[PDB]
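Visitor: Below you will find the structure I want to go over with you.
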Amino acid sequence: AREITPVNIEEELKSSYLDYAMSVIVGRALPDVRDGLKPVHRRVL
DNA sequence: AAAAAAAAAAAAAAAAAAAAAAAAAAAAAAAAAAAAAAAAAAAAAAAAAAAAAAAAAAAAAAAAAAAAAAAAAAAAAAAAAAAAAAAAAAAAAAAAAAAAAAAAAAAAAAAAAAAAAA
């Protein structure tokens, strides 16, 4: 509950980039093996 | 033959622009009244000129408002600190003349083709 807190460049970069990488890999890039559709195709259909 | 950089595939992030149609305003560029300014004519109040004159500076001298001296007291202006306005100095720049490289027209002449004669 403080206006400013320290954050390391390493921790912030690692958390943000890992979140983005996992989100992309699981949610837009690769298709599921079962139905063979990405989430965009699944939602559109 | 090694290094480096472009480009393309597909789901994601985020932007930009041209016109039509009417009615009003705001810039911005013109003709066109309208008055300063200037050239060139005749024309007419002012200086000149002269004689003649009388109104205000000199001069005597008193006296009455005065400018320096004395004192008390009020407080305007000057110089030192800071804080804004407004103008030359210097440097930079976008079109703009100069130069150099690529596209289109040109015919001279021949390869290949098409066509026909005897």
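Residue numbering restarts at 1 for every chain of the structure tokens, chains are lettered A, B, ... in their displayed order, and ligands are numbered from 1 as they appear.
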May I have a table of the residues of chain B lying at most 9 Å from chain A, giving each one's closest pair of atoms and their distance in Å to one decimal, counting only C-alpha atoms (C1' of nucleotides), ordered by chain and ascending residue number, as a tab-separated table?

Guide:
residue	atom	partner	partner_atom	distance
B:10	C1'	A:29	CA	8.8
B:11	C1'	A:28	CA	6.5
B:12	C1'	A:28	CA	8.4

Visitor: With only C-alpha atoms (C1' of nucleotides) as the counted atoms, please give the residues lying no more than 12 Å from residue 30 of chain A, apart from itself and same-chain residues fewer than 3 positions off, as a list in words.

Guide: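 Contacts, in chain order: residues 21, 22, 23, 24, 25, 26, 27, 33, 35, 36, 37, 38, 39, 40 and 41 of chain A; 10 and 11 of chain B.
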
Visitor: Please, could you write that set of residues out with N, CA, C and O atoms (P, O5', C5', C4', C3', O3' and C1' of nucleotides) as an mmCIF file, in the first residue's frame?

Guide:
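The new file result.cif reads:
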data_model
loop_
_atom_site.group_PDB
_atom_site.id
_atom_site.type_symbol
_atom_site.label_atom_id
_atom_site.label_comp_id
_atom_site.auth_asym_id
_atom_site.auth_seq_id
_atom_site.Cartn_x
_atom_site.Cartn_y
_atom_site.Cartn_z
ATOM 1 N N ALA A 21 4.923 -15.198 -23.525
ATOM 2 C CA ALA A 21 5.290 -16.380 -24.296
ATOM 3 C C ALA A 21 4.324 -17.526 -24.042
ATOM 4 O O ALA A 21 3.854 -18.174 -24.985
ATOM 5 N N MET A 22 4.008 -17.788 -22.770
ATOM 6 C CA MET A 22 3.074 -18.863 -22.455
ATOM 7 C C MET A 22 1.685 -18.557 -22.994
ATOM 8 O O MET A 22 1.012 -19.449 -23.524
ATOM 9 N N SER A 23 1.246 -17.296 -22.889
ATOM 10 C CA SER A 23 -0.064 -16.928 -23.410
ATOM 11 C C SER A 23 -0.141 -17.131 -24.915
ATOM 12 O O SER A 23 -1.120 -17.693 -25.413
ATOM 13 N N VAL A 24 0.892 -16.711 -25.651
ATOM 14 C CA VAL A 24 0.883 -16.878 -27.103
ATOM 15 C C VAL A 24 0.879 -18.355 -27.464
ATOM 16 O O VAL A 24 0.028 -18.810 -28.240
ATOM 17 N N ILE A 25 1.786 -19.129 -26.851
ATOM 18 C CA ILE A 25 1.962 -20.542 -27.189
ATOM 19 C C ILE A 25 0.683 -21.323 -26.921
ATOM 20 O O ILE A 25 0.279 -22.168 -27.730
ATOM 21 N N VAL A 26 0.015 -21.045 -25.796
ATOM 22 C CA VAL A 26 -1.174 -21.803 -25.420
ATOM 23 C C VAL A 26 -2.456 -21.258 -26.044
ATOM 24 O O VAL A 26 -3.423 -22.025 -26.189
ATOM 25 N N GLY A 27 -2.478 -19.991 -26.488
ATOM 26 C CA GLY A 27 -3.720 -19.318 -26.825
ATOM 27 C C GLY A 27 -3.872 -18.663 -28.184
ATOM 28 O O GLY A 27 -4.977 -18.187 -28.460
ATOM 29 N N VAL A 33 -4.023 -30.725 -30.681
ATOM 30 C CA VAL A 33 -3.854 -31.946 -31.464
ATOM 31 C C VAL A 33 -5.195 -32.616 -31.743
ATOM 32 O O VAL A 33 -5.349 -33.302 -32.760
ATOM 33 N N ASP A 35 -8.767 -31.481 -32.015
ATOM 34 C CA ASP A 35 -9.613 -30.897 -33.052
ATOM 35 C C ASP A 35 -8.830 -30.150 -34.126
ATOM 36 O O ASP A 35 -9.434 -29.725 -35.115
ATOM 37 N N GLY A 36 -7.522 -29.967 -33.962
ATOM 38 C CA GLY A 36 -6.720 -29.366 -35.008
ATOM 39 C C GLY A 36 -7.021 -27.915 -35.300
ATOM 40 O O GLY A 36 -6.708 -27.445 -36.396
ATOM 41 N N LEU A 37 -7.604 -27.189 -34.345
ATOM 42 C CA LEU A 37 -8.020 -25.804 -34.514
ATOM 43 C C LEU A 37 -7.322 -24.926 -33.488
ATOM 44 O O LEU A 37 -7.136 -25.330 -32.337
ATOM 45 N N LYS A 38 -6.935 -23.726 -33.912
ATOM 46 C CA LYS A 38 -6.472 -22.714 -32.986
ATOM 47 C C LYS A 38 -7.682 -22.151 -32.246
ATOM 48 O O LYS A 38 -8.822 -22.393 -32.646
ATOM 49 N N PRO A 39 -7.474 -21.422 -31.142
ATOM 50 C CA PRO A 39 -8.629 -20.829 -30.445
ATOM 51 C C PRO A 39 -9.433 -19.852 -31.285
ATOM 52 O O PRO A 39 -10.644 -19.721 -31.065
ATOM 53 N N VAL A 40 -8.818 -19.192 -32.266
ATOM 54 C CA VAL A 40 -9.567 -18.252 -33.096
ATOM 55 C C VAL A 40 -10.562 -19.008 -33.962
ATOM 56 O O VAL A 40 -11.727 -18.616 -34.088
ATOM 57 N N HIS A 41 -10.109 -20.104 -34.573
ATOM 58 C CA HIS A 41 -10.986 -20.897 -35.426
ATOM 59 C C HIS A 41 -12.102 -21.523 -34.608
ATOM 60 O O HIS A 41 -13.256 -21.570 -35.051
ATOM 61 P P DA B 10 -1.007 -17.386 -44.897
ATOM 62 O "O5'" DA B 10 -1.249 -17.284 -43.325
ATOM 63 C "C5'" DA B 10 -1.173 -18.441 -42.518
ATOM 64 C "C4'" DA B 10 -1.266 -18.077 -41.052
ATOM 65 C "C3'" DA B 10 -2.458 -17.206 -40.669
ATOM 66 O "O3'" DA B 10 -2.886 -17.517 -39.373
ATOM 67 C "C1'" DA B 10 -0.508 -16.069 -40.129
ATOM 68 P P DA B 11 -4.351 -18.092 -39.098
ATOM 69 O "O5'" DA B 11 -4.529 -17.872 -37.525
ATOM 70 C "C5'" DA B 11 -5.004 -16.637 -37.016
ATOM 71 C "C4'" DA B 11 -4.140 -16.130 -35.884
ATOM 72 C "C3'" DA B 11 -4.763 -14.972 -35.098
ATOM 73 O "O3'" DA B 11 -4.781 -15.248 -33.703
ATOM 74 C "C1'" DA B 11 -2.567 -14.424 -35.776
#

Visitor: Give the helix (DSSP H, G or I) residues of chain A, as DSSP finds them on the backbone, and put them as a list in words.

Guide: residues 9, 10, 11, 12, 13, 14, 15, 16, 17, 18, 19, 20, 21, 22, 23, 24, 25, 26, 27, 28, 29, 39, 40, 41, 42, 43 and 44 of chain A

Visitor: Could you please determine the separation between atom CA of residue 31 of chain A and atom CA of residue 43 of chain A in Å, to one decimal place?

Guide: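 Spanning atom CA of residue 31 of chain A to atom CA of residue 43 of chain A is a straight-line distance of 12.9 Å.
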